[PDB]
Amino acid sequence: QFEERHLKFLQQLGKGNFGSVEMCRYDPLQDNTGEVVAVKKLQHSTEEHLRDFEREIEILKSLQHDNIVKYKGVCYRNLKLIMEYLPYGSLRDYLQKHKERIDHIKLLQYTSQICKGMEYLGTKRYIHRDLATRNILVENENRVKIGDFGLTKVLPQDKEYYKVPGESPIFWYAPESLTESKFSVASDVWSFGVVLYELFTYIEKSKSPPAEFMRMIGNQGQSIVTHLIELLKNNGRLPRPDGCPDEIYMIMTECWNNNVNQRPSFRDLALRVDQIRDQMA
């Protein structure tokens, strides 16, 4: 599909999860005028990592949706995934930099697009396992997409969960992810609640999930994951962001229910968010 000799490195866009994304120009005519693209590649490659990356590529190839980064092709352990280039970058850095120009209505537009991306994911029985503002990308002021599927897994044909590791974003994890490594649509719903908290805290570092959970845990001879599991069991939850509307915080608190089956659906979350936004406007 894409040749390596025509792939012109421009700058580093993201790194992590044994992977990196690079802004490249595909210039097969050598004029400096080709199309800018995103190139994901493996770091510390292993046959195991390469197998996961091949599955990642196939997962994104099956996805066509306005709120999911667009698969373009592949370039032939030097395997590279080629995607569209979203110019405004991660929502996390975009919100942190443009917060003064972003009101609650815009946050709901972002939240609505994430839900619709997750609902679509639902229809293919895919679990993201990494839903966070750092894995969401800004295309334009009116459009966000989910931009990485490095931990995404296909549910088995006979189960509603996948059991899975390495370093993990424990402050976004559902109780049953922490204790039994069980990942489900309902675990993505719990993480979407943390994404809503991130958006309404405007990525303020003092208020970040790791900051708030660490203050609640205290400053023992035990692991942070151990303390966090106890805090979640005792109904320890992230606080209401300053000025967060009650209907939005109510949505967060329902996403963070200990019972998997009492968590809302992404379809219900879509509808609720769209209507709250309609009310505000």
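Heads up: residue numbers just count along the shown sequence, starting at 1.
- Unmodelled deposited residues between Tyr76 and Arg77: 4 to 9, per the record.
- Where coordinates are absent for parts of the deposited sequence, a chain break appears; between neighbours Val164 and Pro165 it spans 1 to 3 residues.
- As the entry records it, the average C-alpha temperature factor is higher for 153 to 161, out of 90 to 98 and 153 to 161.
- Once the C-alpha B-factors are averaged per stretch, 166 to 174 and 128 to 136 rank with 166 to 174 first.
- Across the residues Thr46, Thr226, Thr253, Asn67, the deposited record lists the maximum Cα B factor for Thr46.
- Listed residues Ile248, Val39, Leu231, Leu42 were ranked by CA B-factor as deposited; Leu42 comes out on top.
- Remark: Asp27 belongs to the highest third of its chain, ranked by C-alpha B-factor as recorded.
- In the PDB entry, a CA B factor belonging to the lowest third of its chain's modelled residues is recorded for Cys244.
- Placement of the Cα temperature factor of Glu212 within the chain: lowest third of the modelled residues, per the deposited record.
- Split the chain's modelled residues into thirds by C-alpha temperature factor. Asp103 is in the lowest one.
- Looking at the C-alpha B-factors along this chain, the one for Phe9 belongs to the middle third.
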